[PDB]
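What follows is a single structure, written as structure tokens, with notes after it.
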Amino acid sequence: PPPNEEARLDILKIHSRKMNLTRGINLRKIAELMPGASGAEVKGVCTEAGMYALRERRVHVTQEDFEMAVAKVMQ
């Protein structure tokens, strides 16, 4: 639970690099919702966002997938 905002965002950019992010997604806004998250939890938000997409037979991940993932992993 040590990575700061920029450190969190960097973890998000790294793991989203190969995902098919929908046009206009905002990873910084996702980082802002994660104060106090461990680096692993940030990674989890990426993978969990992907799972929400697959669950809906979607190859493209949306801001909502990410939003829902954050609440899932931390809440």
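Here, residue 1 is the first one in the sequence, and each next residue gets the next number.
Residue pairs meeting the salt bridge (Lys or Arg N to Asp or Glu O under 4.0 Å) criterion with at least one partner in residues 14-26, sequence neighbours excluded, do not occur; the list is empty. Sorted by first then second residue, the salt bridge (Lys or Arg N to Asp or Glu O under 4.0 Å) pairs that include residues 44-58, not counting sequence neighbours, are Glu48-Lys72, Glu56-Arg58, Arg58-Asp65.
Each of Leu9, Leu12, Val73, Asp10 was scored for a side-chain contact (heavy atoms from CB on, under 4.5 Å) with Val42, with one residue passing: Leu12.
For the atom pair CZ (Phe66) and CG (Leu21), the distance works out to 5.5 Å, reported to the nearest 0.5 Å. Annotation: the span from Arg8 atom CZ to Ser38 atom OG amounts to 11.0 Å, rounded to 0.5 Å.
Residues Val61 and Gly50 approach most closely at CG2-CA, 4.1 Å, considering heavy atoms. For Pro3 against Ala37, the heavy-atom pair with the smallest separation is CG-O, 3.2 Å.
Counting side-chain heavy-atom gaps under 4.5 Å among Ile, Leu, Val, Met, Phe, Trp and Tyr, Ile14 is found in no cluster with other residues.
Here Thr47 pairs with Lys43 under the side-chain contact (heavy atoms from CB on, under 4.5 Å) rule; sequence neighbours left out.
Under the 4.5 Å side-chain heavy-atom criterion for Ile, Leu, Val, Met, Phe, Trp and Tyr, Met51 and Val70 are members of distinct hydrophobic clusters.
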N/O donor to acceptor pairs below 3.5 angstrom from side-chain atoms of residues 25-35, sequence neighbours left out:
residue, atom, partner, partner atom, Å
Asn26, OD1, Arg28, N, 3.1
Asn26, OD1, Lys29, N, 2.9
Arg28, NH1, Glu5, OE2, 2.9
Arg28, NH1, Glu6, OE2, 2.8
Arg28, NH2, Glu6, OE2, 3.1

